[PDB]
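Heavy-atom basis, side chains included; hydrogens, waters and symmetry copies ignored. So you know, we letter chains A, B, ... as the sequences are listed, proteins then strands, and number each from 1. Just follow the structure's listing: the first ligand is 1, and inside any ligand the first atom is 1.
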Amino acid sequence: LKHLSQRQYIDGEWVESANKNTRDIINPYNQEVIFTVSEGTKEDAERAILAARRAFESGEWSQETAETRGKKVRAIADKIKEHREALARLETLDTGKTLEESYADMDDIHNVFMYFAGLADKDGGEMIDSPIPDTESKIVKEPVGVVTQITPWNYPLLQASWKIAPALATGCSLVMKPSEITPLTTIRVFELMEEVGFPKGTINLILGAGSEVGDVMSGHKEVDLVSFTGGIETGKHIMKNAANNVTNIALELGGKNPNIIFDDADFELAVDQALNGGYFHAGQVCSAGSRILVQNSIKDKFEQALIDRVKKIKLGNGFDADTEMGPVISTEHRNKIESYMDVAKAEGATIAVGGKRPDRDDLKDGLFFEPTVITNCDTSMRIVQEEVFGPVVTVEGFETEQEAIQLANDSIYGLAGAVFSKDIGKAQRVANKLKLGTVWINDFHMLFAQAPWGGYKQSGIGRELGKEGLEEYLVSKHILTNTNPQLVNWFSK
Amino acid sequence: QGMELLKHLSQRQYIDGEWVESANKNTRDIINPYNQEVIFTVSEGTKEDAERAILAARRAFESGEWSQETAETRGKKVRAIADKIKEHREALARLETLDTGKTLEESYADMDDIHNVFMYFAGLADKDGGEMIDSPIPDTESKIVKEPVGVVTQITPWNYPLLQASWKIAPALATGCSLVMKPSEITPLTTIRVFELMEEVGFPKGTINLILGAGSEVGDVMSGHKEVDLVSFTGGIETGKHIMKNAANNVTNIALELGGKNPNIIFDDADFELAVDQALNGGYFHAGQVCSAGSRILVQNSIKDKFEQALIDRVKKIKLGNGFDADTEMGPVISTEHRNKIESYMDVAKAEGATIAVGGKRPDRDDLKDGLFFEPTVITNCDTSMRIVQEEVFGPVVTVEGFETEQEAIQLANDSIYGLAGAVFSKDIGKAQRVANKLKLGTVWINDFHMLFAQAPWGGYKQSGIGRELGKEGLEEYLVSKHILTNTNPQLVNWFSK
Amino acid sequence: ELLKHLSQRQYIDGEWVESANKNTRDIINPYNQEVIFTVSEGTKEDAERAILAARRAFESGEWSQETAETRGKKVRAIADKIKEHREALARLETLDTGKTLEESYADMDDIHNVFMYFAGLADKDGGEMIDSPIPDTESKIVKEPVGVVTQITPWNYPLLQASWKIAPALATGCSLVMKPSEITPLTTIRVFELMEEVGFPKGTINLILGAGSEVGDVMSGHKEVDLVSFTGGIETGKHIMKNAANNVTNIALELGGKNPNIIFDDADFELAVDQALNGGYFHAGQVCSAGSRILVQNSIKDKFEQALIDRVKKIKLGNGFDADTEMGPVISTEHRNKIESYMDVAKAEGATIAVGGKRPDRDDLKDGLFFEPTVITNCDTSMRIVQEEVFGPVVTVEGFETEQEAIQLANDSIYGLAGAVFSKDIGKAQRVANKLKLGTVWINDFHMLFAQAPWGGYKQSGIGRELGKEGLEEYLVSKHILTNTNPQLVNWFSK
Amino acid sequence: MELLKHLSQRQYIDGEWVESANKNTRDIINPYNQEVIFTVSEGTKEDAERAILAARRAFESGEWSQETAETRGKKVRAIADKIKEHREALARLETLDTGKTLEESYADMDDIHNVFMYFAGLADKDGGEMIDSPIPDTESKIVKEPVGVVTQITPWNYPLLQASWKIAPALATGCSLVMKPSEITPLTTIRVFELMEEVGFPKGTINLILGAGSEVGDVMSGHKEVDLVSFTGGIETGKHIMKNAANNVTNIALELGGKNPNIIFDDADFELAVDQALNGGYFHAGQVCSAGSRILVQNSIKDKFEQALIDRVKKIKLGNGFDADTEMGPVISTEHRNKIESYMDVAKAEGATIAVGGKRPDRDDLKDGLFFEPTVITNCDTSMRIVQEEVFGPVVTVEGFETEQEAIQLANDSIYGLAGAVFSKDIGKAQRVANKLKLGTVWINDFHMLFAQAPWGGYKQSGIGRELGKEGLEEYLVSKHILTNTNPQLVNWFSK
Ligand SMILES: NC(=O)c1ccc[n+]([C@@H]2O[C@H](COP(=O)([O-])OP(=O)(O)OC[C@H]3O[C@@H](n4cnc5c(N)ncnc54)[C@H](O)[C@@H]3O)[C@@H](O)[C@H]2O)c1
Ligand code: NA
Ligand code: NA
Ligand code: NA
Ligand code: NA
């Protein structure tokens, strides 16, 4: 932290906020202030957007060869790997998740940049067989333009990489703003990108409250695409604001992801994966398997096994090797999780285990919340329908394959889910009917740069990762040339 | 005139496999803009009718009867629609001309295009179910399956009713979606007729639905209902924005096409007479009521005076009249409200200091007195700061601005909130290509105007829209990607203590 | 009655013409060995004239520069004619080739779908725009029709195989010269009549009738040919490829196979028996996709052999026009003799002819080219009867112990066209499918193929593909057009 | 020279550097002075067979063929980085072995780095397609797998460049390969094998055979365990290879040179056209598959063009590829120079004019090398052997044409179809012409431009298939349709 920048990065320069305001960043493990950064203004955000537009129109990045753009994106990928240790530590300090989880993030981030580096020069568009004689028809794919990018606090650098990599690869200019409470890795990646070298204005980092600078990032006339990952309420607000300029939006908003366990699942595998689904990063994951659906014939056996394991989950400091689950991100977020416990009980569900702050001494100063299992609930309940985004799972039974599908689809969301069954034919039937962007068969949480990620229904609009993710950052232009032009002579001479 | 067509035309909405009146029995009189006479009367539906249609589309979608039909068979049905369009080409063209005022010849060209749109998408239906991914994780299979997006609402404008409908209906049916369509309340005739033809082909109950009525009565239901997966709208910018904001309530995908301020760039080395011809075509086809209209002429200074004179002299000869008469070159505008809007723009142009060089009023001639006619108009001595240059008038009106250099042409052409289409005229093809590469437009024509077709995507940069219609990209609006990842050798992670 | 109005001539450069030497050939019905029709037997000069006419038409641009959309519409019109004449075409095919009328109806439905598929694909490409690594350049790849193509088909599924070649050729804008098997030209003549009704520029389509040994070499070895597409046997295929090499001409070959039908002990047993029968005996095993090599898990091998043999004895032989017929005759005297000589080979190597292996004695079968459905047991991979394509109503049965051994045995042939895996354990069937060196692998099915997916062989089963986008791509050629938009002198060489 | 002290002299088979089975060797020559510079193993047909069988064994093991596509990409990228790291030494080796200028060799090495990088990036970007099946209750997918065992044979003009075009996609897709460079120019290929060994590939995945095409070539093209033969060279050897591959119905990818037209209209930028006619004709002494050996010039400017070209041809600086002022080095071998010389006799006997050059240069410092003067042949026509046949030397012919139509007819009037250019300031016209030339690559107002992002290959007798681009990678893939019936039912056709 001694050498980490504390400033925004606008138009090739590290700069303070226009009003000199600052914000203290906290470690959720002990609620101690660990760093202080600039808290930018809406005029700073506007200046970044105007700089991105100017850089885009200069052509220095947008007209660079795709091959060269790919080489630069690859150079970022290499810096991530080179600084893997320090990045992982920063991420754990800022977000609370285990160091091992943070190492896995850094390995993935390297692969994300590498994937897009390699995709950069592989399209360009299509030649069309024109239906009009004596014409040439082609579709050229250009960078979409100036893009704003807003990320959440759970996986700051990972989510940032999903946006930055395709934007740079395609030739866009970008303005990024990480969550105000978790900016450290994002500042660091900007330092690394500056070392690679990009024309002035091509990349910009704004630091600040979503409520202060967010609307300018979603509502400015010079933006061609707003790409946001976070919660549903902010997402909807952002889309409404983007509508003022008919601006493209790419949204990923979390989910109510079903984890469907059939009676012919590998039982110990399913228990393992129900734990993974529920409690990695204290359930603060877009992909969290918060809604367990278990076949009735094994429901009691399953609940007992799960509960017994949940009691053994090891809570602690993300830097300690024995820690299995760290704290949740903030006081506000822990309070929200606590109020959901009251909701669940008032609706008549059972808090089978957990449901409170742990009492242990070394956990007292941190934002800890016990891994929790909620039983005796049904699809009509708020605790089942709503994304708690904490270390909490619900358990519902189902009788038949048809019922599992109906229940799993009975939410406003559609991001991801899993089916556990040794009968692969059955798992595939079920997968084909789930209205989800990603379905895992005998697995959980698996995602990678090669394949698109995103939501049906209220889980989002568009995709990130894969060729489809890159396509958000492109725009099609049909250039039609009449090679033997003739007068139409419709209007009198 | 047009008579016999209407004798057997349905007057009702089509919901869940039945032709039905409005829930409140309300009706609306449809007008011919040539003479402002009532030509037909149709049901004016309610918001509950729209909701019932949406719920019927959802039920049909979940039944799987269309959404799980083979893509090959779906293509065959979309092809059968295409064949019915061609079979009824004459009656459809006549209806369209009766309802919208444009010339019969223009309507025939629409019907040919509509046939080709359905045929294109019929052929595309079974050509792409997704991808196999080379997974980075050993012992996994990764595949991307493309499914129909789901239930789609489709809202069309009054200028090219059936054409715009076909751009939405064809890919929706080809992919296996269920749909609810609502044409403009003032021009529903061809859309009713195409629903009759689709019914003849045969689609499961609830797969297709037609709502008739005011956007202000049923529009919000169509854009804001939780059971909709995609709202596809073609029309004006204000309504588009409102629709997008409403769709946000359910994070619903939107596909918008909203018109433009399309530049027609004429260099001093253009084929002069060609450029004059195409400036006229750009400006005045369908009385300029076209998303692709070339309303903003940018002409190189060295030939600007010559160009203005030639264009003005031609504009005075444009033949106004009944769309059914063979000599007619330009029909009336669509409604009293729209003519009034065009008129108020003339006042704006003069107040900001532009010159109405020719036209700018209603014609006096006797056979035109009863119709919604407005003279083809040329506005000169204007600049990019003016409202008359920046805003879409959507009437038989063009502005003319000069430019000195290639760079200036590009800067001016890009200086608008829009980005739908434009043209470059020059015999120096290398130059036209440079310019085309720099225009922020979804479509650029080199030595042509108004050319569009099913094979290529159409849509706007900036405020001209979101997404694309036509082409493979158009079909993709009606698809959704699902990543199915199978772990073929699953192992416990053993992260959490046992 | 069909035959009363059917043309007897070749179709060259827009005209129905006799052979240059007036020679003819009698066409036979294999059910009764009776002459049913007589057609021209063309010369090598006729073939050359067709090729030169195809070249001329191609260079005129009338088809090759027609819009892709309009080409598609014409291919679609052919598809509709096939359906319209479905009954007569099916009857002709059954008369000429001997297979059951029901099989022929299924062919005609498929043929309609092939033409329709390619009609729909015609205008869906054109090529790519490339993001060039050189500043101030535009790089595009335009896909053009390959050019003049020669097309040679076999006698088992004449029209079906013809459609696989004609449809993409016309869709892409090529000119073509087609020659069906000399012994089965009826439906191919008919389809040329139908194409003439649709209307194509003169020289775009040509039909040569005659012996492969008389006109074949011209079709494969002429300098004006850009692609030779052949479906048939391995020996002719190799000969063709060697001849095509004289002009470095592209080749697309599909040469049959030794297709494994792998049955695990956890297969749905009755399904596997049913499909082993389908695999072995449809069209008297005269199918590129025939499942002639059964590999059955040792644990169920005796059970399987007994059940298969008992069913094989009930197979109903007869006239393809009779509804109760399950298997018709084989195609010719020469082919039946070849099948017979294989029986001698199998016995000399020590295999057992468990059932069949001879001509049936029954009276109504005496005059036709019948051969009994046959099962050969007690054999192994070293045997000629196992390694070689018999292309008759004959299957061999070998046992395997493990999954690994099934794969090893199945892949132990020179061929690589198609095969199946039968197992209720889908995971296992998929593992096996990934390791088989075959262009098509069926999991719990057999003989399934369709226009939407490419068909072709690894190893000695062929080169290239037919059907699907890949099938169309055989009839395209890529051209990279690179424009320097700001050309500068290099000034390497002294001024 | 110091380069050579540590360079391997052996073949690389099944993970080991090995000598020829019979200890035979071959002396490698520098064409600048005809001196022996190195001695390598001259392998036997049994060595080639052993390599092929090792490639097959490796392929079946799955260690490379089932490695993740992402990881295969990373390895191909590591090869790319080694090429750039060793750019200087590789360029010098290439110049020493082939005679071309050091500057040309540097450009090759830059291009080779980009080829490996391109294919590294493409490795994990496909996998196949999901098909919407026309049969209910079925799942249809096309999986793209490595084609299998591939044999790769390269020529002497751009040894490492041509090698990279084959190696990169083969490794990216998961194939096993056996490569054999031209017997007279093996140095950079040996070196690249050393570099690949440093990256690390499973045993048998890569193999290098060294030797005479006439001794080991037939095994490489005719062995039953080969799935693809990829050959770049001359037409006669290509045809022989294709005939041999036919014995096992083996896929072939051939690129065989051309008779590439350089079409110059009277509205071309004249000085640009002269510059590019020189580049087209004389880079690497015309020993280029892309050489613009057939100039077609509009009649109206033909005399002006000839005079301007001839005057420049006289100024071309011949010399040692290592000297900075050298513009054109020697041709590759005695046999090749003799072939070029016999073509001069042919041209004269047919009545063409040798307008300039047409002989060995007399100058002292050129006396010991395999030099041949840059040559312009005029007063010829399309019926002549000198016009129809690929000389592959520093020689161009010049023919006139009257109209656009005639330019096209003449340019297409050859057995070949690899590449060509159109020079005209009228871009509309250049595009019309380009659309009608039967060529795999057409340059508008440029020459010799090719790159990994776009496919390269020939119409007609210039080849079969493509190298470079996605289409190049596709030569190293094979499609398998896996069709699963998810609700199987008995057909019940045959009696029970
Ligand atoms: N892109 C085009 O082709 C196009 C078409 C028509 C109009 N325009 C432009 O838009 C301007 C306004 O045209 P307009 O107002 O006559 O048409 P509009 O933009 O309102 O679009 C008409 C369609 O939208 C429906 N609609 C109206 N309110 C709605 C709501 N709240 N929710 C859902 N649907 C609703 C209408 O009933 C009709 O079907 C014109 O002056 C012109 O500049 C462009
Ligand atoms: Na959504
Ligand atoms: Na937009
Ligand atoms: Na083969
Ligand atoms: Na060829």
Side-chain angles (χ1 to χ4, degrees), chain B residues 50 153-161 163-164 181-188 191 211-224 231 233-243 246-247 256-261 286 288-293 295 334-335 337-338 341-342 345 391-395 420 460 464-465, chain C residues 146-147 225-227 237 241 244-245 247-251 253 255 414-416 439 456-464 477, chain D residues 147-148 226-228 238 242 245-246 248-252 254-256 415-417 440 457-465 478:
Chain B
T153 53
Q154 299 177 323
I155 298 166
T156 50
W158 49 257
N159 59 348
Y160 292 87
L163 179 67
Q164 297 312 288
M181 171 163 287
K182 187 206 83 75
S184 171
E185 60 272 19
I186 61 174
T187 57
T191 302
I211 293 293
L212 300 174
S216 63
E217 183 172 18
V218 307
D220 285 350
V221 170
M222 292 182 70
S223 60
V231 186
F233 169 82
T234 299
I237 190 173
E238 288 312 311
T239 299
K241 292 180 173 176
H242 175 93
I243 282 171
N246 204 41
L256 304 177
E257 193 259 281
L258 309 178
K261 175 52 59 165
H286 202 353
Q289 300 173 127
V290 198
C291 66
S292 58
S295 64
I334 197 68
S335 64
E337 291 72 31
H338 190 59
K341 192 214 302 274
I342 295 169
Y345 269 110
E391 298 174 20
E392 187 185 49
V393 180
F394 220 75
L420 186 55
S464 282
Chain C
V146 70
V225 176
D226 298 298
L227 170 70
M241 181 167 169
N247 298 118
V248 175
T249 305
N250 293 283
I251 72 291
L253 303 177
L255 309 178
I414 63 169
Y415 289 111
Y458 285 51
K459 296 156 62 188
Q460 308 201 31
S461 280
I463 288 174
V477 61
Chain D
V147 71
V226 177
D227 299 297
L228 170 71
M242 182 168 170
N248 298 119
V249 175
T250 305
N251 293 285
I252 73 292
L254 304 177
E255 193 256 278
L256 309 178
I415 62 168
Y416 291 112
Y459 287 45
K460 296 157 61 189
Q461 305 200 30
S462 280
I464 287 173
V478 60

Has the side chain of B:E217 got a donor or acceptor atom that lies under 3.5 Å from a matching backbone atom of B:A214?
-> no

Donor-acceptor pair, side chain of C:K459 and main chain of C:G416, under 3.5 angstrom | no

Ignoring hydrogens and geometry, is there a side-chain-to-backbone donor-acceptor pair from B:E257 to B:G259 under 3.5 Å?
-> yes

Under the side-chain hydrogen bond (donor to acceptor under 3.5 Å, both in side chains) test, which residues partner B:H338, sequence neighbours left out?
-> none

Shortest non-hydrogen pair, C:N250 vs C:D226, comes out as ND2-O, 3.0 Å

B:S292: partners by side chain to side chain contact (heavy atoms under 4.5 Å, CB included), with sequence neighbours left out = B:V290, B:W445, B:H450, B:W458

Is there a donor-acceptor contact under 3.5 Å linking the side chains of B:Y345 and B:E391?
-> yes

Nitrogen or oxygen contacts under 3.5 Å, ligand 1 side and protein side:
{"unit_1": "ligand 1", "atom_1": "1 (N)", "unit_2": "B:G235", "atom_2": "O", "d": "3.3"}
{"unit_1": "ligand 1", "atom_1": "1 (N)", "unit_2": "B:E257", "atom_2": "OE2", "d": "2.9"}
{"unit_1": "ligand 1", "atom_1": "1 (N)", "unit_2": "B:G259", "atom_2": "N", "d": "3.2"}
{"unit_1": "ligand 1", "atom_1": "3 (O)", "unit_2": "B:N159", "atom_2": "ND2", "d": "3.3"}
{"unit_1": "ligand 1", "atom_1": "10 (O)", "unit_2": "B:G236", "atom_2": "N", "d": "3.4"}
{"unit_1": "ligand 1", "atom_1": "16 (O)", "unit_2": "B:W158", "atom_2": "NE1", "d": "2.8"}
{"unit_1": "ligand 1", "atom_1": "19 (O)", "unit_2": "B:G236", "atom_2": "N", "d": "2.5"}
{"unit_1": "ligand 1", "atom_1": "20 (O)", "unit_2": "B:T239", "atom_2": "OG1", "d": "2.8"}
{"unit_1": "ligand 1", "atom_1": "37 (O)", "unit_2": "B:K182", "atom_2": "NZ", "d": "2.8"}
{"unit_1": "ligand 1", "atom_1": "37 (O)", "unit_2": "B:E185", "atom_2": "OE1", "d": "2.5"}
{"unit_1": "ligand 1", "atom_1": "37 (O)", "unit_2": "B:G215", "atom_2": "N", "d": "3.1"}
{"unit_1": "ligand 1", "atom_1": "39 (O)", "unit_2": "B:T156", "atom_2": "O", "d": "2.8"}
{"unit_1": "ligand 1", "atom_1": "39 (O)", "unit_2": "B:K182", "atom_2": "NZ", "d": "3.2"}
{"unit_1": "ligand 1", "atom_1": "41 (O)", "unit_2": "B:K341", "atom_2": "NZ", "d": "3.2"}
{"unit_1": "ligand 1", "atom_1": "43 (O)", "unit_2": "B:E392", "atom_2": "OE1", "d": "2.6"}

Starting at CG of D:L254, measure out to OG of D:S462 and round the result to the nearest 0.5 Å.
-> 11.0 Å

Sort by chain and number the protein N/O/S atoms found under 3.0 Å from the Na ion (ligand 4).
-> C:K459 O, C:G462 O, D:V249 O

Output yes when a side-chain donor or acceptor of B:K182 lies under 3.5 Å from a complementary backbone atom of B:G213, and no otherwise.
-> yes

